[PDB]
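A.B. asks:
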Amino acid sequence: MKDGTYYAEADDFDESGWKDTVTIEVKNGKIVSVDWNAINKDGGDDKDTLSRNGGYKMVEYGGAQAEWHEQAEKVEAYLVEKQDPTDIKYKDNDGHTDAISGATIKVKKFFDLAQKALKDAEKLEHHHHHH
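Residue 234 is where the sequence shown starts when you use my numbering, and the numbers rise one by one after that.
#1: Within 10 angstroms of its Cβ, does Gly250 collect 16 or more other Cβ (buried), or is it exposed?
#2: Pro318 and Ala271 - do their beta-carbons sit closer together than 8 Å?
#3: Is it buried or exposed for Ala336, if we count other Cβ within 10 angstroms and need 16 for buried?
#4: Using 10 angstroms around the beta-carbon of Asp253, count the other beta-carbons present and answer buried if the total reaches 16, otherwise exposed.
#5: If you run the structure through DSSP and keep just helix, strand and coil, what is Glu309?
#6: When you compare the CB positions of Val255 and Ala241, do they come within less than 8 Å of one another, or not?
#7: Checking 8 Å against the spacing of the C-beta atoms, do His361 and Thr282 come in under that value?
#8: With distances taken between CB atoms, is the gap from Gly296 to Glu355 smaller than 8 Å?
#9: Can you give the Cα-Cα distance for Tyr289 and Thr330, rounded to whole angstroms?
#10: Specify, as a first and last residue, the run of the alpha helix (DSSP H) that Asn286 falls within.
#11: Please report the residue range of the alpha helix (DSSP H) in which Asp244 lies.
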């Protein structure tokens, strides 16, 4: 783990047309930050670009939350305390975890893509400034 930024994206787009991604900010050798980010199909750009621009497209406006929204703020703080993208226990048929408490959306996508983020540990994406 050489201090940089590791992200991994969902292989396909989900129900709202977002590829949920997990962006790991490693700094001082270890994880300091983590960002919730996602690529939209019809938009063409990432959560980073669509948030900055204001062109937030969703392919499903009347459906479930297949996105890391502001409830993912509960999930990210839980990653920072662990320093561990693979350590987690879910008890559901999807990926509900009671170990966080506050995030009632399935956290399975977050820890899935966090393992894929640090798979090379030499990956370098758009470096964020999360605190």
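Ideal Cβ positions, reconstructed from N, Cα and C, are used throughout, including at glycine.
C.D. replies: If we stick to the structure as given:
#1: Counting from one through the sequence shown, the residue named residue 250 turns up at place 17. Flag for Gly250 reads buried.
#2: Stepping through the sequence shown from its first residue, residue 271 is reached at position 38. Stepping through the sequence shown from its first residue, residue 318 is reached at position 85. No, they are not a contact pair.
#3: Position 103 of the sequence shown, counted from the first residue, corresponds to residue 336. The residue is buried, with at least 16 neighbouring Cβ atoms inside 10 Å.
#4: Within the sequence shown, numbered from 1, the residue matching residue 253 stands at position 20. So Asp253 ends up on the buried side.
#5: By one-based count along the sequence shown, residue 309 stands at place 76. Of the three classes helix, strand and coil, the one that applies to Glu309 here is helix, per DSSP.
#6: In the sequence shown, the residue the question calls residue 255 occupies position 22. In the sequence shown, the residue the question calls residue 241 occupies position 8. Yes, Cβ-Cβ distance for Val255 and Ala241 is below 8 Å.
#7: To locate residue 361, count along the sequence shown from 1; it is residue 128. To locate residue 282, count along the sequence shown from 1; it is residue 49. No, the pair does not count as a contact, with Cβ atoms beyond the cut-off.
#8: Counting from one through the sequence shown, the residue named residue 296 turns up at place 63. Counting from one through the sequence shown, the residue named residue 355 turns up at place 122. Contact flag unset, no.
#9: Along the sequence shown, one-based indexing puts residue 289 at 56. Along the sequence shown, one-based indexing puts residue 330 at 97. One C-alpha to the other measures close to 28 Å.
#10: Indexing the sequence shown from 1 puts residue 286 at position 53. Unbroken alpha helix (DSSP H) run through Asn286: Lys280 to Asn286.
#11: Here residue 244 refers to the residue found at position 11 of the sequence shown. Counting along the chain, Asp244 falls outside any alpha helix (DSSP H), and DSSP gives it neither H nor E.
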